[PDB]
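Just one chain follows, in the form deposited in one PDB entry, and it is written as structure tokens.
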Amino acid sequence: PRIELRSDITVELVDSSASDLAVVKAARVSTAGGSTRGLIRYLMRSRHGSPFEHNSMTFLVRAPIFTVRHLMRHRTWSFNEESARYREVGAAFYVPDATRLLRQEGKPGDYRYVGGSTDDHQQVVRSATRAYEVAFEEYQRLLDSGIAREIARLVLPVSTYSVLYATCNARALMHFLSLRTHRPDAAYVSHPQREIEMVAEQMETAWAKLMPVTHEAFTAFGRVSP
């Protein structure tokens, strides 16, 4: 076992200060000392999204670099990621599991995917294994020779696992979920890559425990952020 292949993307809530009541208090500018549902839906209907920002959630995310790229495009979040300049990188790499769709149909612009055969999945695993094993063998060879970490890592693939903290408020999370989940009955159907979708679904599940009224209204109003 020269390297570790994994197919999992992990998201854990580290900390938070978020509830449906926090929205109602901000919207009302509440002083020290069905109505929650009605208020939260009123804000979604009127696109008064600002009260949904007065909260926070922090997630620990472990995902391949190509997926962390998609996550880090959302400029309303805060991130802090482990550095390959700073620390040697572990030989853990992502490959898609047996249920991941492997084939494409239609125009490139459609991001429409379809199932692959059992030999498609085998070919992906064979090809990834060879490429990742060679990449990590050369990375460690360079490190052993005394080459700086920030240069040695040039040979590592975008499937290399990384880990980070990602913090959002609920408004930023709903904008992220609108773009990074593919829901055919949403107001807008987005076509994100499956891997960042896996992140987003786990974030949504965690959020729905903290803010179940807002989570329900968000889907009811077409999964767009107010």
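Each form is matched to the other, and the largest set of C-alpha atoms that superpose within 1.5 Å is called the rigid core. Numbers for residues come from their place in the sequence shown, where the first is 1.
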Query - Interresidue gap class [residue 33, residue 34; deposited sequence, unmodelled] - result: 10 or more
Query raised in the report: Looking only at CA atoms, which has the higher mean B factor in the entry: 131-139 or 105-113?
Result: 105-113
Requested in this report: Would you tell me which stretch averages the higher CA B-factor in the PDB entry, 57-65 or 36-44?
Outcome: 36-44
Query raised in the report: Among 125, 155, 84, 71, which carries the highest Cα B-factor?
Result: 125
Report task. Sorting the chain's modelled residues by C-alpha B-factor, tell me whether residue 75 ends up in the lowest, middle or highest third. Result -> lowest
Report task. Name the third of the chain's ranked CA B-factors that contains residue 186, choosing lowest, middle or highest. Result -> middle
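Although it is not shown, the form deposited in another entry is what the next lines describe.
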Requested in this report: Go through 114, 134, 72, 98 and flag the only one whose CA is off by 2 Å or more between the shown form and the other one, rigid core held fixed.
Outcome: 114
**Report entry** Relative Cα spacing, residue 64 and residue 112, in the other form - shift of 3 Å or more
**Finding:** farther
Query raised in the report: Which way does the C-alpha gap of residue 108 and residue 180 go in the other form, closer or farther, given it changes by 3 angstroms or more?
Result: closer
